[PDB]
């Protein structure tokens, strides 16, 4: 079924009413964020709007709104934001949540799509956990449309909801397979200058006349894969460059969205969903995309693909 509301969908997708309540609460925060971004005041140094009687940069505004939603749910024990990665007690029980409140906040003024990412874990820990342990993950996407993209672990597909004029979130798409195509989204392209293996990968994409779409914002750049049902996103390090992407706040949540969509993730060797978060600031390189492009990523950077070898053993 499509065309159902987020509440109706969640009743079908999970027996866990507390997880559904948390995802509805977070949808209200996303709706409010989208409106605060839509008529923010953008200046030399920041884009701002108000939270109550105060004026706040939109990323901080988003952070407040998300903590407030988690507290209102009553089903959150700890929340952690990528802004201030200390664990905050949200005075509830059931789940702990890590979020990146506004990926792309620095380029709101340019009017490119920006977004929110969050992962939901059962229990009271946001370290010593893996992405595979998430109950759900989701993104809010603030573009010419406002969408809310959700994966419930253990229930098929990644599901897109459109914000309607009357405030409701309507189920508009389900993705269950990522196919092979000719789209690439190359993060940290500068690394090709001194990582010859990344350069070789990029050169392959260019030689095969792939389409380039990359904004530097993880939300849109990975959402496009889910929507188009094809593509490859990469973000690779070099000796001289370092890893910007956080496992807990960004990479694990997105990994669930991609893998629930029938895509694959990699850090070079393994699914990003099998990496333990040791510390909340832990960084990683990553790729997301179709099967063959992930094998290519792994073979080109590290010679051998574990994904390929994994597949060759479910075959035999």
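Numbering follows the first chain given and starts at 1.
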Check your understanding: Taking the recorded C-alpha temperature factors, which stretch has the higher mean, 111-119 or 186-194?
Key -> 186-194
Check your understanding: On average, are the C-alpha B-factors higher in 89-97 or in 151-159?
Key -> 89-97
Study note, to complete from the structure: From 13, 24, 301, 294, the top C-alpha temperature factor is at 301
Revision key, fill the gap. The residue of 78, 214, 204, 169 with the maximal C-alpha B-factor according to the PDB record is 204
Review point. Where does residue 239 sit by CA temperature factor within its chain: lowest, middle or highest third?
Key: highest
Check your understanding: By its CA B factor, does residue 144 count among the lowest, middle or highest third of the modelled residues in the chain?
Key -> lowest
Point to revise | Third of the chain's Cα B-factor distribution that residue 130 belongs to, per the entry | key: middle
Exercise for review: Compare the C-alpha B factor of residue 49 with those of the other modelled residues in its chain, then answer lowest, middle or highest third.
Suggested key: middle
Practice item. Could you say whether, by C-alpha temperature factor, residue 32 belongs to the lowest, middle or highest third of its chain? Key: lowest
